[PDB]
């Protein structure tokens, strides 16, 4: 994300990252994020969501 912000000239809007507590809302966001297919990211993004949902459910 940092790299693509660097490429799009939004370097300024990466180090300016804060908290948007609402853990039920965080769970909603994460479960609803779509998964891609063509990119090598297809497995990584889903793995990321799986780990995040398992960790938050444990938490």
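Readers should treat all values here as calculations from the given coordinates under stated rules, not as data from a laboratory. Here the Cβ positions follow ideal geometry from the backbone for every residue, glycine too, while neighbour counts run over all protein chains shown.
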**Report entry** Cα convex hull of the chain - mean projected area over all directions, nm²
**Finding:** 5.2
Query raised in the report: Ranked highest first by the average count of other Cβ atoms within 10 Å around their residues, in what order do 10-19, 45-54, 26-35 fall?
Result: 45-54, 26-35, 10-19
